[PDB]
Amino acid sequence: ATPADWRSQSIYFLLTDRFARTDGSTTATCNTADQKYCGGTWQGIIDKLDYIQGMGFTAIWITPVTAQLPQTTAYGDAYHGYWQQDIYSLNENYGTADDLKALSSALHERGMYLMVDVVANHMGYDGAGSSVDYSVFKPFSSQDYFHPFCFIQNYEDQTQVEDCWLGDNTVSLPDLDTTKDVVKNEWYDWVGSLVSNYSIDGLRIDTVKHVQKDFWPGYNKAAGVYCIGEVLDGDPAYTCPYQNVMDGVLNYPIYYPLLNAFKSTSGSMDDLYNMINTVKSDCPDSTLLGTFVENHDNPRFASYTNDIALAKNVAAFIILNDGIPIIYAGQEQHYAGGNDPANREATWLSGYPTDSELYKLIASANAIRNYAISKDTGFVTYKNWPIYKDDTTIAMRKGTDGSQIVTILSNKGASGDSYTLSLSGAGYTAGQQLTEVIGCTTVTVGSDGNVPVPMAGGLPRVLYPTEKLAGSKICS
C-alpha cells in the first residue's frame, strides 16, 4: 500500500513473541528480566485480531520475521527479532511461512494492513566482534560483505554512526557495508520478494540513521510499499531530512516534548505546542510520520506516572495528531515497565480486557478519527494546528472547516478541578452544536465563536459537530 493509503491508518505495534501464544493462555509465564522466548506466535496474533480491531486500529506493526541467531546469550534469546542471521528463512519460534501468510490474509479480510519490521543495518552474533564466524550468515557469508569491526564510540559523529558496529562483545551486531553494490542489490532483491511473498502492506525500518542516506531510496522503491523509518533522534533538523530518502519516519521529535508535557502535572505545554509547529513547517510531510509516546526502546508512559487521566490525554494526542497513530501493545492496559527488557511485558498476562479505561479511551478516539476520515477527504492532509495553550492545557484543531475535530488536553491529572474553559480559536460557527465524543455530552458554540468546554477530572475532551455524526455509532 502507498504512502497515501497509509495516511488514514492507525497502528497497533506488538512484539510477536510477547503478544499472543498459539494456545491463547493468559497465564503462561513471561519473566521479562530473563529475556527469553515466551512463546508468542503469528497464529496467536490472528486469534486476537478482534481485540486489536475493537480499539479501532486499522493496521498492525509486528517485529522482524527473519531467522535469528539461535543461542541463548548472556543477554537472552533473539525474541525481539533484531539479531538476524539467515534472511531467507523465517524465525521458527513464531510459526511457518504458511502462518505468516495466514496472518496477512486474516488482516486483509478485516480491511486491515500488515506492517513488518525489517533490519538492513546488521546481523546479530553471539560473541566478540573479533571472533565472528561470518560463514553463519546467509547469504552474507563472508567478512567481505561487512564494515571492518569497530564499535561506535561517538554518536555525534555520523560517519562512525553509519560505518561502525552496534552491540558489544557479548552480542555483537556485524555491520553490513551498505555502500557496496553486492549488498545493496541483495537487500533490494530481498525486500521486494519479502513484500511479495507475504503480501506485506508497509514496512517499519529499523536503525535507519545507522545506514548511509543513499541506501534508502532504492530500498523504499524495491519494497514497493510505504516505509516508515526509525530515526532515533529528537532533533527535527536531524530526523526530518530522512523524509527526503524514505516515505516517513517515526515522530521522535514530538515524542520528547509530548512525554514531558503529560508525564507530570507540571509538564511544559509550551514545548509541545512549539514542536507541533516546528514539525509542521520543517518536515517534508508531517502527515506521513508516526506519532507515539510508548515503545519497546523507552520506559512506558505509566512508568513515569500512574495517573490514569494523564495516560488518557497522551493516548488521545497520539490518535489525533498529524500522521499515523502508533500505540504499543500494553499501553492500553496501562503497562508500566521501564527500559528494555522491562518494557517487553507479555500482553496476554493482562487477560486482554476490553473494558479497561485505556482500551475504551483508545476505542473512542480511533472511532472519531476513523469516522471523520470517512466524511472528510481533507482530514488526513489537513495540518494539525495548535489553537490554544495555558499552564495546564493544550488544544488543537484538525479537519476541514465545518468538519474539524477540536481536541482539548489537560495535564491537571485525576485530581483536576471542575471548571469551564473559554476556548478561543476553534473556528466553528456561532450557535453550532458539538458533541464531546469521549464522554458523550454536548456543547454549543457561543455567538462570539468561543466554545465553553466543561473541564473535569483532568479528562481529555474531543469535539466534533453533532449534525455530522448523524447515522454513526458514536455517542448513539
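A residue's number is simply how far along the shown sequence it sits, counting from 1.
Q: Taking the recorded C-alpha temperature factors, which stretch has the higher mean, 262 to 270 or 246 to 254?
A: Of 246 to 254 and 262 to 270, the stretch with the higher C-alpha B-factor average is 262 to 270.
Q: Output the stretch having the higher mean C-alpha B factor in the entry; the candidates are 170 to 178 and 384 to 392.
A: Higher mean C-alpha B-factor in the PDB entry: 384 to 392.
Q: Highest Cα B-factor in the deposition, which of 119, 283, 203, 326?
A: That would be 283.
Q: Quick check for you: using the entry's CA B-factors within this chain, is residue 40 in the lowest, middle or highest third?
A: Lowest third of the chain for residue 40's C-alpha B-factor.
Q: Residue 423: which third of its chain by C-alpha temperature factor?
A: It belongs to the highest third of the chain when residues are ordered by C-alpha B-factor.
Q: Thinking about Cα B factors across the chain, which third does residue 460 belong to?
A: Its C-alpha B-factor belongs to the lowest third of this chain's values.
Q: Quick check for you: using the entry's CA B-factors within this chain, is residue 15 in the lowest, middle or highest third?
A: For residue 15, the deposited C-alpha B-factor lands in the middle third.
Q: By its CA B factor, does residue 240 count among the lowest, middle or highest third of the modelled residues in the chain?
A: It belongs to the highest third of the chain when residues are ordered by C-alpha B-factor.
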